[PDB]
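One structure is given below, encoded as structure tokens.
Any read-out appearing in this document is the output of simple, stated calculations on the displayed coordinates, not a laboratory observation. Counting neighbours? That spans all protein chains shown, and the Cβs are built from the backbone with ideal geometry, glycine included.
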Amino acid sequence: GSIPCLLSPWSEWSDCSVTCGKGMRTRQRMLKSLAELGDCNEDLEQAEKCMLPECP
């Protein structure tokens, strides 16, 4: 079974980069390819859009 590179699942997203108004969030993971399957150009970090409500 020629599967893609052994990578851990994406962990839960942390709090957003802003408290109110326009903003974004980010999350990361790590490789778990102990069997040295190779080395892939696959992603370990990802970003997402997340605007918070008006500033309190």
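Filter region 42-51 down to the residues that are in contact (Cβ under 8 Å) with a residue 24 or more places away in the chain and out of contact with any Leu (no Cβ under 9 Å at 6 or more places or on another chain) and list them by number.
Those that are in contact (Cβ under 8 Å) with a residue 24 or more places away in the chain and out of contact with any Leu (no Cβ under 9 Å at 6 or more places or on another chain): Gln46, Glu48, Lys49, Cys50, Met51.
For region 17-33, give me each residue that is among the aliphatic types (A, V, I, L, M) and either touching a residue at least 24 places away in the same chain (Cβ under 8 Å) or at positive phi (or both).
Residues satisfying the conditions are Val18, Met24, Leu31.
Condition first: among the hydrophobic types (A, V, I, L, M, F, W, C), within 30 Å of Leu6 (Cβ to Cβ) and in a loop (DSSP other than H, G, I, E, B). Now tell me which residues in region 42-56 satisfy that.
Answer for region 42-56, where residues must be among the hydrophobic types (A, V, I, L, M, F, W, C), within 30 Å of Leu6 (Cβ to Cβ) and in a loop (DSSP other than H, G, I, E, B): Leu44, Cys50.
Considering region 1-11 alone, what residues qualify as being without any contact (Cβ under 8 Å) to a residue 24 or more places away in the chain and either assigned to a strand (DSSP E or B) or of a type in the set (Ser, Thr, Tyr) (or both)?
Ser2, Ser11
Would you call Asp39 free of Cβ contacts under 8 Å to residues at least 12 places away in the same chain and in a loop (DSSP other than H, G, I, E, B)?
no
Of the numbered conditions (1) part of a loop (DSSP other than H, G, I, E, B); (2) in contact (Cβ under 8 Å) with a residue 24 or more places away in the chain, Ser14 fails exactly one; give the number of that condition.
(2)
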